[PDB]
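S.K.:
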Amino acid sequence: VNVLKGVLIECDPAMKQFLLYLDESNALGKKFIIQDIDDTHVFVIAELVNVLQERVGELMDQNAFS
Amino acid sequence: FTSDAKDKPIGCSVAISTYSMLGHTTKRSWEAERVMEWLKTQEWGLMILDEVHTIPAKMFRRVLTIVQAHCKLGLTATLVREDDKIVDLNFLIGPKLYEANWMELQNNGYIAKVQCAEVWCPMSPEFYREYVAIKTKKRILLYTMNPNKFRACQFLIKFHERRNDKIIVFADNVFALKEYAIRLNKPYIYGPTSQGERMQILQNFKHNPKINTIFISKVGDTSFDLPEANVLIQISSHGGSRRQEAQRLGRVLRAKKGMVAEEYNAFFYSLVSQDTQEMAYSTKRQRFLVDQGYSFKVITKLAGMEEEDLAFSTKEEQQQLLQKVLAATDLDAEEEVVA
Amino acid sequence: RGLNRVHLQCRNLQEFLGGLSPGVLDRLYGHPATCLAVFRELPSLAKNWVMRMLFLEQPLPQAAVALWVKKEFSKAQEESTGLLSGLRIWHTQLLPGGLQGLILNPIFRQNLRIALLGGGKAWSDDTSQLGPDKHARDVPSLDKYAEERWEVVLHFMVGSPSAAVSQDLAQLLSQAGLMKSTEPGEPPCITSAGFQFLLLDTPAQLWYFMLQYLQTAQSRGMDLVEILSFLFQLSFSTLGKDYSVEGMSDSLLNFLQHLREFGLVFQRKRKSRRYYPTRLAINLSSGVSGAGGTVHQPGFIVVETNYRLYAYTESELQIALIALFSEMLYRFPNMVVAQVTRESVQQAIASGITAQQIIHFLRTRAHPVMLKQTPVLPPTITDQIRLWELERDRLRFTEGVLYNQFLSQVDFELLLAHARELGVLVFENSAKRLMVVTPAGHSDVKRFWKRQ
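Chains as they are written, first to last, in PDB author numbering: chain 6, 2 to 67; chain 0, 392 to 730; chain 3, 7 to 458.
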């Protein structure tokens, strides 16, 4: 009901919006944000954090360019 | 002797002229019949090239064929020419005569030690919404108008003003440079700025000690009669050629008299939004600078950036700025013309 | 990836012994050398007080002892006190009237005393009146042999050819978690911890490697206390002098064979009863290599402001290590040229290597010409090396259980109070009444949510 196991994710406000945008884009193939809890913390589905870390890192690199 | 202005072959002793006039394919005007036939007829004892490192083979070959001067001297900013490509046209002139070492100029103060630095500002969540959503080049304002970038810019300017360092602020966009200079209440120069209005600022900057900071449009990327300054800040690290940026940097920066014992007596800043397209040009500038031997550093926060009164300190003013940025058209957000 | 990257927890002597049983430590303190090893590792605070108190059997009052250090440093003295007591060195005894008197463990006392002055054993050392050994081994030959052996183990991690080691040692490298078992047959593979270990310095490397051996020692049936005491006696041994294997248990013989194969000791033959301890064994202590090129052997990496590395090294091992975090440019017979870059350093970072490992790795190997300056690594490099990890180490993961959307603020304040009561509170949002709790409280609070 009101209880979920998961991963608390600490991120800066910029990557808070990235996480929200990336979840909104469904860009891992699935929704991964459980909910936004603060400007610096988000609760996330543990299975997709494994993919999130890579795709965020690659997209952080890609965002550097062009 | 250049089609931009009236010219005087009669009794000339030093003809100072533009390659694109002389290396023409076909006459520009009756003024080309006046001057080019006259110039084809004269035998100049010496040819001085100020931008040979920028002239294409065809224009140089045409000029050399037309003038046939007794001596040629090529002046260059850097030995590697953007138009060198497959063939090094330098052999047309001759060997390299001399090369002033950066270290010899710095060790003797002829060229100041320039503090290269980049303010890697974290992207604002709201601007991050618009940054990823706006895939089009209207995105330029988002990295440019981040409050972190503005607040850091405001502080460092007021800091360099407290040091009474002559400082110039350059940006890639009309609205951005306008909004900055307007809110900062500092002089801004644009193409429409009449020469008297422009000279009022320039004279009060070049000679009057009151104006320590002035804002100059993207026109500064080229010959716009930029004044002398000791500090330069790029509001956008987004930009063109690294060499043209380095050329501009040296063109404006001058050693601050009596401060050569300090860590630096010249300073360069370029402001960067983290996780944005600016970071590559930032990285390539950073690399190109250390490759050219220039000292470099990165900045994120410094004393006063939060300890002082700086704009957009409230969510609403940040929102108004962001909405004014969003309400601005692509044209106001696009890259400012350079002319 | 629910938590942060796996880190090679470097546990010094305090962290290791701090978990041992007092009887084990008492047995360990049985030897004088074990006490000196422990004592020398203590901070100067404890080092002096222990020496000052060694000659007393009277329980000196806790306050008077604590009043030996100045007001501002007494706070830092608590660190040494907590250590000495936690390490069973200090045991409280009660003065008449119940006052907290302090006493050092008599075994430790007596062994340090037997260390300083004569005792029933002469440091447990002897020459056995034997003459110069057959096929005499020279000090430089011992060092090179120990080096070669250590290099072979590092080469084995690197997976280079000719890295000859026993499968039990290869197994241990995998058992300790250094060489990852990603593929059958254990082909060369390395974990983040193994890479961190590779970039770690020799003394801390050997130390932690031996700690893993000790962690498996009783799983391997070896004698922890005996091996430790033997190791401490070896650390207090001399390079040129000879030592005998006379009176060593088979557990020690097995370890000695490993110790020999590992190159820490040189033997005439595997069966020989006399040996020479190598420099590595004498230098095997929980200490620091230095902030620049190593005192024992100088550095060779000329790190330059333009991020260019000019490593005057021939060693394929050292070169391959540099290739992990830096992009290599040229190979020259006496020197190798490489450059540190975002991508190559992001390779190390993505492989799980803290930039401080690289900074320290380069520092410990910094060419001596780079010395004679306060910062051996230019600030720009140090800053950008760290900045590259600080670019992509902002996302920090943490497994927990979320409690949200309660029926009212009373539920939130009650659940938060319960989280505060149990200290299981991770984070909370009082505006939206959101709470994150450690996973241990999942069932306890989920069931309590039905009761409150």
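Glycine included, C-beta positions come from ideal geometry on N, C-alpha and C.
Quick one: which chain A residues come within Cβ less than 7 Å of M670 (chain 0)?
M.R.: In the structure shown, chain A cannot be found, because the protein chains are 6, 0 and 3.
S.K.: Taking all protein chains shown into account, do 16 or more other C-beta atoms lie within 10 angstroms of the C-beta of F215 (chain 3), making it buried, or fewer, making it exposed?
M.R.: The residue in question, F215 (chain 3), is buried, as its Cβ has 16 or more Cβ neighbours within 10 Å.
S.K.: Anything in the region 595-619 of chain 0 with a Cβ closer than 7 Å to a Cβ of chain 6? List those residues in chain order, please.
M.R.: none
S.K.: Indicate whether at least one CB of chain 3 lies closer than 8 Å to the CB of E11 (chain 6).
M.R.: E11 (chain 6) has a beta carbon lying within less than 8 Å of a beta carbon in chain 3.
S.K.: In whole angstroms, what is the alpha-carbon distance linking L240 (chain 3) and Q218 (chain 3)?
M.R.: 19 Å
S.K.: Measure from the C-beta of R11 (chain 3) to each C-beta in chain 0 and report whether the shortest distance is under 8 Å.
M.R.: Not one chain 0 Cβ lies under 8 Å of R11 (chain 3).
S.K.: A28 (chain 6) CB to nearest chain 3 CB: under 8 Å?
M.R.: no
S.K.: Let's test the definition: count the other Cβ atoms within 10 Å of the Cβ of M514 (chain 0) and tell me whether it reaches 16, buried, or not, exposed.
M.R.: buried
S.K.: Are any of the Cβ atoms in chain 0 nearer than 8 Å to that of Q18 (chain 6)?
M.R.: yes
S.K.: Count the other CB atoms, across all protein chains shown, that sit within 10 Å of the CB of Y336 (chain 3); report buried if there are 16 or more and exposed otherwise.
M.R.: exposed
S.K.: For the beta strand (DSSP E) that contains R402 (chain 3), what are its first and last residues?
M.R.: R402 to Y409
S.K.: Quick one, are the C-beta atoms of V343 (chain 3) and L315 (chain 3) less than 8 Å apart?
M.R.: yes
S.K.: Exposed or buried, what is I558 (chain 0) when buried is set at 16 or more other beta-carbons lying within 10 Å of its beta-carbon?
M.R.: buried
S.K.: Would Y313 (chain 3) pass as an interface residue toward chain 0 - the criterion being a Cβ-Cβ separation below 8 Å?
M.R.: yes
S.K.: Does DSSP put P445 (chain 3) in a helix, a strand or coil?
M.R.: helix
S.K.: By the 10 Å Cβ neighbour count, where 16 or more other Cβ atoms means buried, how is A354 (chain 3) classified, buried or exposed?
M.R.: buried
S.K.: Shortest alpha-carbon distance to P447 (chain 0) belongs to which of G436 (chain 0), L413 (chain 0), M427 (chain 0) and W429 (chain 0)?
M.R.: When each option's Cα is compared against that of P447 (chain 0), the closest is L413 (chain 0).
S.K.: Is the separation between the beta-carbon of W511 (chain 0) and that of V663 (chain 0) shorter than 8 Å?
M.R.: yes
S.K.: What's the C-alpha gap between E552 (chain 0) and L680 (chain 0)?
M.R.: If you take the alpha carbons of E552 (chain 0) and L680 (chain 0), they lie about 26 Å apart.
S.K.: Any C-beta of chain 3 sitting closer than 8 Å to the C-beta of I35 (chain 6)?
M.R.: yes
S.K.: By how many angstroms is the C-alpha of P67 (chain 3) removed from the C-alpha of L9 (chain 3)?
M.R.: In a straight line, the C-alpha of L9 (chain 3) is about 46 Å away from that of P67 (chain 3).
S.K.: Which one or two residues does DSSP pair with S332 (chain 3) in a beta bridge?
M.R.: In DSSP, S332 (chain 3) forms a bridge with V346 (chain 3).
S.K.: Report the option in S225 (chain 3), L212 (chain 3), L205 (chain 3) and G227 (chain 3) whose CA atom is closest to the CA atom of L237 (chain 3).
M.R.: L212 (chain 3)
S.K.: With a threshold of 8 Å between beta carbons, is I38 (chain 6) in contact with chain 3?
M.R.: yes
S.K.: Are there three or more Cβ pairs, one per stretch, closer than 8 Å when the region 694-705 of chain 0 is compared with the region 361-377 of chain 3?
M.R.: no
S.K.: With 16 other CB atoms within 10 Å as the buried threshold, where does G104 (chain 3) fall?
M.R.: Around the beta carbon of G104 (chain 3), a 10 Å sphere encloses fewer than 16 other beta carbons of the protein chains shown; the residue is thus reported as exposed.
S.K.: Grouping DSSP H, G and I as helix and E and B as strand, with all else coil, what is residue 2 (chain 3)?
M.R.: Outside the displayed span of chain 3 (7 to 458) sits residue 2 (chain 3), for which this structure offers no information.
S.K.: Does the ligand MG have a heavy atom nearer than 7 Å to the CB of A730 (chain 0)?
M.R.: You won't find the ligand MG in this model; it holds no ligand whatsoever.
S.K.: Of all the options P385 (chain 3), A423 (chain 3) and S225 (chain 3), which has the alpha carbon lying nearest to the alpha carbon of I365 (chain 3)?
M.R.: Taking only the C-alpha atoms, the option nearest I365 (chain 3) is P385 (chain 3).
S.K.: In its own chain, which residues sit with a C-beta less than 8 Å from the C-beta of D13 (chain 6), not counting the 5 before and 5 after it?
M.R.: Excluding five sequence positions before and after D13 (chain 6), the CB atoms of its chain that fall closer than 8 Å to its own CB belong to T41, given in chain order.
S.K.: So, under 8 Å CB-CB, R11 (chain 3) and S198 (chain 3) are touching, yes? Tell me the CB distance rounded to an integer number of Å.
M.R.: Between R11 (chain 3) and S198 (chain 3), the beta carbon gap of about 6 Å places them in contact (Cβ cut-off 8 Å).
S.K.: In angstroms, rounded to a whole number, what distance separates the CA positions of residue 463 (chain 3) and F268 (chain 3)?
M.R.: A query on residue 463 (chain 3) cannot be resolved here, the shown segment of chain 3 reaching from 7 to 458 and no further.
S.K.: Relative to the alpha-carbon of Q303 (chain 3), which residue among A223 (chain 3), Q379 (chain 3) and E153 (chain 3) has its alpha-carbon at the smallest distance?
M.R.: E153 (chain 3)
S.K.: Are any of the Cβ atoms in chain 3 nearer than 8 Å to that of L5 (chain 6)?
M.R.: yes
S.K.: Give the interface partners of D682 (chain 0) over in chain 3, defined as CB-CB distance under 9 Å, in chain order.
M.R.: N312
S.K.: Just list the beta strand (DSSP E) runs in the region 666-697 of chain 0, keeping only unbroken ones of 3 residues or longer that don't cross its boundaries, in chain order.
M.R.: 687-690
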